[PDB]
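These are the residues of each chain, in order.
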Amino acid sequence: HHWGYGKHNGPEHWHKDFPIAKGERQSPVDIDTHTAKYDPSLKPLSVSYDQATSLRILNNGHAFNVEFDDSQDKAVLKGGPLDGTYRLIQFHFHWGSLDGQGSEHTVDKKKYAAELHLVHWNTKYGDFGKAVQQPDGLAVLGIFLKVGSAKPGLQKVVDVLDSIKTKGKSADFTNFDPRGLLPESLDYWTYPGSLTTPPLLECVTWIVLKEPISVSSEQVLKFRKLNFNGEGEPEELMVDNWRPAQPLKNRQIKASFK
Ligand SMILES: COC(=O)c1cc(S(N)(=O)=O)c(Cl)cc1S(=O)(=O)c1ccccc1
Ligand code: NA
Ligand code: NA
Ligand code: NA
Ligand code: NA
Ligand SMILES: [Zn+2]
């Protein structure tokens, strides 16, 4: 009886295996744009993805991960609110059963169709497993998706999904360039938070871009053909794999802009 996204094992249940679910810096949150304060001390974010090496794509039963080779200094995030270099290890998405839901963060209570998370770990901690044990171990760049015009740089991802339909399938996925997933503007909100999935560790500096990217209806429909079940089990479509907004508690959301 493992965690997932259903009434019997969804977000409202996670606290029994992971009591940090009711902690003081949980994610996601609603971003109240009128209360977020512009912080003129915040730096432009530096996203350096020119030498990113993707390796594989995996259906992990919750989402799908596009994995990167993080064994050298390639694909780093720095600047912004960060005081260190963070290396890209994977990205994944969260999305809905319909276009009106699917993001984890919300903006003045608005839900986007999906949310992309580019996960990076602080190189000062030597690898990912040590980083997640540190309050400044991870930096996640979060990008909202709305449905409209297709995102050409997403189609290679969307066309491999039929090969990883079910939990535990993986496929080779080399040469994927995550720069094709970024919006024009790097204006962002930032706040201290957590993983949005078990084990819910409070190790993440969140950096949420204001500008969504557009994907087509056909692209997001292919995400919703994935399955949470494994091969040979009754189909459970992989949809609504998002955790709702959590209490902001004693935190300030800072804006890089306005
Ligand atoms: C199962 O975990 C995930 O799905 C997940 C999700 C996030 S998210 N959704 O906060 O970006 C991050 Cl940062 C990182 C991860 S994760 O890197 O997959 C992970 C898994 C086990 C322990 C610690 C971290
Ligand atoms: Na404001
Ligand atoms: Na290496
Ligand atoms: Na690692
Ligand atoms: Na709440
Ligand atoms: Zn995520």
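Residues numbered from 1 in each chain as written, not as in the entry; some residues may be left out. Chains lettered and ligands numbered in written order. Heavy atoms only, no water. Residues with missing side-chain atoms left out of burial classes, pairs and counts.

**So, the coordination of the zinc ion (ligand 6)**
Note on the zinc ion (ligand 6): its protein donors are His92 (NE2), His94 (NE2) and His117 (ND1). The metal-donor distances range over 2.0 to 2.1 Å. Every donor counted, the 4 donor atoms about the zinc ion (ligand 6) form angles of 98 to 115 degrees at the centre, which fits tetrahedral coordination. Going along the chain, you hit the donors of the zinc ion (ligand 6) in the pattern H-x1-H-x22-H. One end of the pair, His92, is in strand 7 (residues 86-95); the other, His117, is in strand 9 (residues 114-122), with 25 residues separating them in the sequence. Of the residues examined, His117 reaches a relative accessible area of 1% and is grouped as buried. (Donors = N, O, S within 2.8 Å, 3.2 Å for Na, K, Ca; no water. Tetrahedral: all angles 85-135°; square planar, octahedral: opposite > 155°, others 65-115°. Helix = DSSP H or I, 4+ residues; strand = E, 2+ residues; numbered from the N terminus. Buried < 20%, exposed > 50% of the residue type's maximum accessible area, 1.4 Å probe, protein only.)

**Points about the coordination of the sodium ion (ligand 2)**
With distances of 2.5 Å, the protein atoms coordinating the sodium ion (ligand 2) are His34 (O) and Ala36 (O). Take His34: its relative accessible area is 76%, and that puts it in the exposed class. Owing to a relative accessible area of 12%, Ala36 belongs among the buried residues under this scheme.

**Considerations on the UniProt feature "binding site: Zn(2+)" in the chain**
In the numbering used here, UniProt assigns the feature "binding site: Zn(2+)" to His92, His94 and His117. Across 26 residues, the annotated set stays spatially compact, with a maximum C-alpha separation of 8.2 Å. Residue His92 is classed as buried on the basis of its relative accessible area, which comes to 13%. Separated by 2.8 Å, the side chains of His92 and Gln90 make a polar contact. Look past the residues within four positions of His117 in its chain and what remains in contact with it is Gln90, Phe91, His92, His94, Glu104, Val140, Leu141, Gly142, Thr196 and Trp206. Separated by 3.1 Å, the side chains of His117 and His94 make a polar contact. (UniProt positions renumbered as here; feature names shortened; annotations may be inferred. Polar contact = N/O pair within 3.5 Å; in protein donor to acceptor, adjacent residues only side chain to side chain. Contact = heavy atoms within 4.5 Å.)

**Description of the pairing of strand 7**
Most of strand 7 is tucked away: 10 of the 10 residues are buried. Here 2 bridges tie strand 5 (residues 64-68) to strand 7, and the two strands are oriented antiparallel to one another. Each residue of the ladder has a partner; that of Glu67, found in strand 7, is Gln90. As paired strands, strand 6 (residues 76-79) and strand 7 are joined by 2 bridges and run antiparallel to one another. Bridge assignment links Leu77 to a residue of strand 7, and that residue is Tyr86. Between strand 6 and strand 7, which pair antiparallel one after the other, the connecting turn spans 6 residues, and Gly80 there sits at a positive phi close to 60 degrees. Taken together, the 9 bridges between strand 7 and strand 9 define a ladder with antiparallel strand orientation. Within the sheet, the bridge partner assigned to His92 lies in strand 9 and is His117. (Pairing = 2+ DSSP bridges.)

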